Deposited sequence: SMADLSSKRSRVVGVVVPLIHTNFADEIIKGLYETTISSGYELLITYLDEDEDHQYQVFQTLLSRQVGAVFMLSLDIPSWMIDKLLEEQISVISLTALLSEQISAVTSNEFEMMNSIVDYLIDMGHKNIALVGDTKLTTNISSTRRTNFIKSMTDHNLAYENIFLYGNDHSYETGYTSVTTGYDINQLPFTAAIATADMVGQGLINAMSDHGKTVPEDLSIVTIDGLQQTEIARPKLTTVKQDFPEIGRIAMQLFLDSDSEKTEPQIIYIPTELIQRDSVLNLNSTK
């Protein structure tokens, strides 16, 4: 009675929170949890798969979004259950996730209510050949649904790192003449990068830039000012996913919450 979890070698702190939930449910049901890491090297990825097959796992939980199709097919073809978390990896399998459009729309709704019109999405905003640009597309859809235009929509960045947040307002835009009043950060660390870049250049959040992040992990509480954030319930994603395996395709959505803290200015005030 073993289940596997595949975690990217490069991941936000959210993996540990998902794993805490998976672990709670595996322990109480008589299963053990094996954790394995996945790099972007096809040959190493295959070695790993032989390690999932050869520990005769009953299920594999995927957190990545960057999993090769042959891995999912090979696992399913061995009668192993495959369930993806925080993303919809394949038509063929079930997923447990926060609802991406609802998260994004909750932020845009809020920032517009707070008087913002010119808004940036900062973090993982790139277009690629094989991976959906989920947040980029949802941001643009939500902004346009709220009757804002292309001229109000700003994008920056290739990943969820602190560095991307930091560079967005140093190399990306003119920190002394920012064309947006608010930034939606695709992960908490991007938000911290923004805070520090502003502070390091003698500016202050939220007076000089409002920020909202997605994930709502510890860093949003450690930041000064404390970051307004859409908090995901990562442990619940894990628990619900394991329970889905135990009870046996579909998509199950776990709700999120926009937590209002100290990083947004009311421009109507």
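Enquirer: Numbering the deposited sequence from 1, which residue ranges have no coordinates here?
Expert: Missing C-alpha atoms (numbering from 1) occur across the ranges 1-10, 259-264, 286-287.
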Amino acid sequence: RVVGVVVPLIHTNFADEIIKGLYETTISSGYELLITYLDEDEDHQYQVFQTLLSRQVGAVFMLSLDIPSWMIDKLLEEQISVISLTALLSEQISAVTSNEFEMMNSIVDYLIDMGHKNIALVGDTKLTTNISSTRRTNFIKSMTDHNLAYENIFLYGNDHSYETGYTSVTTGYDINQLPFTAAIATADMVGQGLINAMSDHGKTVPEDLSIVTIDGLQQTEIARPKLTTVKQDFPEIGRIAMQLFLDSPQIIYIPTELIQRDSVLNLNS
From here on, numbers count along this sequence of modelled residues.
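Enquirer: On average, which has the higher Cα B-factor in the deposited entry, 72-80 or 192-200?
Expert: Comparing 72-80 with 192-200, the higher average CA B-factor belongs to 72-80.
Enquirer: In the PDB record, does 61-69 or 215-223 carry the higher mean Cα temperature factor?
Expert: Mean B over CA atoms: larger for 61-69.
Enquirer: Which third, lowest, middle or highest, does the CA B-factor of residue 177 fall in along this chain?
Expert: Within its chain, residue 177 is a highest-third residue by C-alpha B-factor, going by the deposited values.
Enquirer: Please rank the C-alpha B-factors of the chain's modelled residues and tell me whether residue 7 sits in the lowest, middle or highest third.
Expert: Highest third of the chain for residue 7's C-alpha B-factor.
Enquirer: Is the Cα B-factor recorded for residue 105 in the lowest, middle or highest third of its chain?
Expert: According to the entry, residue 105 has a C-alpha B-factor in the chain's middle third.
Enquirer: For residue 259, does the deposited CA B-factor place it in the lowest, middle or highest third of the chain?
Expert: Ranked within chain, residue 259 CA B lands in the lowest tercile.
Enquirer: Would you mind checking where the Cα B-factor of residue 163 ranks among the modelled residues of its chain, as the lowest, middle or highest third?
Expert: Residue 163: CA B-factor falls in the lowest third of its chain.
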